[PDB]
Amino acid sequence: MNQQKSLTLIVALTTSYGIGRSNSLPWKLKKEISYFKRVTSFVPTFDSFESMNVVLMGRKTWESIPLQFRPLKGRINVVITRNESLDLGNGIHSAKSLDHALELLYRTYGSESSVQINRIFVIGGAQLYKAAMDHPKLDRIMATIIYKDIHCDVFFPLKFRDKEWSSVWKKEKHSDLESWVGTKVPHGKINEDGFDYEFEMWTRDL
């Protein structure tokens, strides 16, 4: 009673797998953030009466979000921190691991709760991404590929777009991305402030 739902990782990364710098994002992509918000928030209409998605994040990531945007609005936020202490918070879930997170959510949001969980997202930390990539329930990566080798100092931990991982991870057709995401999504290269990026969806079999 815990390993029911699959997990989905969402991430914006460079062709060199760069995801962050001096604790922030090394780009300003207002439309990319907008896609992040849409994907992490989307719940099918019949279910949206009573269902919410969950965002799981590292502590370094909760801190890196501008204070004005936390908790990520309209999603159940859980911060994962090996050190369950005084950090605050208007109603804010803390777990010491990804699995302890799942147990807290299934305990807190059972049939018995007015709020029901739709999809569960891991939204980063390189270190949390690492745990997710090792988790037997992670089966989907929503990747925004940034076609510039922007200087980063934090990297996504597994080269999932590369030949060595290509029998495990497969990029899906764009219509399948749109099906999963529940709307039309810009297809192909988008340019916002200096460089091209594009939305991808990768899966693996559990």
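Think of the rigid core as the biggest set of C-alphas that the two forms share within 1.5 Å after superposition. Throughout, we count residues from 1 along the sequence that is shown.
- Between 116 to 124 and 81 to 89, the larger mean CA deviation from the shown form in 7 other deposited structures of this protein, after core superposition, belongs to 81 to 89.
- In summary, of the stretches 186 to 194 and 16 to 24, 16 to 24 shows the greater Cα distance from the shown form in 7 other deposited structures of this protein, with structures fitted on the rigid core.
- For the two regions 177 to 185 and 135 to 143, the entry's Cα B-factors average higher over 177 to 185.
- Remark: stretch with higher mean C-alpha B factor among 105 to 113 and 73 to 81 is 105 to 113.
- Looking only at 63, 153, 164, 172, the residue with the top Cα B factor in the deposited structure is 63.
- When the Cα B-factors of 33, 55, 67, 39 are read from the PDB record, 67 comes out highest.
- In this PDB entry, residue 23 carries a Cα temperature factor that places it within the highest third of its chain's modelled residues.
- In the PDB entry, a CA B factor belonging to the middle third of its chain's modelled residues is recorded for residue 15.
- The PDB entry assigns residue 130 a C-alpha temperature factor belonging to the lowest third of its chain's modelled residues.
- Sort the modelled residues of the chain by CA B factor and residue 95 lands in the middle third.
- Split the chain's modelled residues into thirds by C-alpha temperature factor. Residue 6 is in the middle one.
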